[PDB]
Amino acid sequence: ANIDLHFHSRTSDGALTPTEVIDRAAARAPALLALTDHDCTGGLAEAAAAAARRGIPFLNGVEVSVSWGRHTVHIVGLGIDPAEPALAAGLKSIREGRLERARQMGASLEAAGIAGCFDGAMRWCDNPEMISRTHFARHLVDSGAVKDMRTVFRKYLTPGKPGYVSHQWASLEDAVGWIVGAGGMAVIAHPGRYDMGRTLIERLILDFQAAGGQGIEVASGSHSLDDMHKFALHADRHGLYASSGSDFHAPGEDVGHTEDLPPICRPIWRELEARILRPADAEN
């Protein structure tokens, strides 16, 4: 499929600027794109301009960090108005503790025998307030402390390992409501990554829907084919719309393309058509 509704830019943890990531996606002749940076909309105006210039329909997007019980989950919004005040304030409240947490992650790694990780991570991060475990991982790989990204999260930056600092993100109710109140659809991102069996997934979906959630990622760069099959069925039982995204961050860690949705799925983009920013001004 030539649709991609999930990816990142230097606004949060992606390696490419909003212009660069859109331009890269554009090589695949995509029919629709949505930039979804973590807990931030700062790249949307640039991404929109870059998409329109290449003749590509575009949706405003975001990826919101949520703590649900002991789990961190990510809720994507699509078709949001980033200027809506409640959403803007909510996202800001989620970013607030990020820098503090990062200094602590660095100090944790230092206690475990790797000094200089906060500073190193910062070298990879254009916007200090968006500082992320992703930047720490790039540092650990680039500086040769760890051989690759996969090995980083095996030894570090996860619960019980040096560099991980527990943190409370948005509530599920807040994340979904901010998205919906901004005119968008809320989407459970990359559900196959969560440590949950079919019972917890069902519980998450029910809570998600109660809060106003309508969508779930079925095609995802983070999903196996078995994942796609399994989450297509979860979506169908609850009447959720299916989203697709690459979750692209960097080259060699692709944007503008996703796996075709299973036939059972109701594609979320069909429901977002009124929120699509069209390349032709007159069509908006």
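Numbers for residues come from their place in the sequence shown, where the first is 1.
In this entry, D236 and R237 are joined directly, with no residue of the deposited sequence lacking coordinates between them. Two stretches are in play, 225-233 and 36-44, and the higher mean C-alpha B-factor belongs to 225-233. Once the C-alpha B-factors are averaged per stretch, 74-82 and 194-202 rank with 194-202 first. You'll see in the entry that, of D119, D148, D174, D207, the Cα B factor peaks at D148. Per the PDB record, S166 has a higher Cα B-factor than any other of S132, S166, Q214, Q104. In this PDB entry, the Cα temperature factor of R53 sits in the top third of its chain's modelled residues, the highest group.
When all modelled residues of the chain are sorted by CA temperature factor, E253 is found within the highest third. Among all modelled residues in this chain, the alpha-carbon of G61 has a temperature factor (C-alpha) in the lowest third. The deposited CA B-factor of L261 belongs to the highest third of values across its chain. Split the chain's modelled residues into thirds by C-alpha temperature factor. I179 is in the lowest one.
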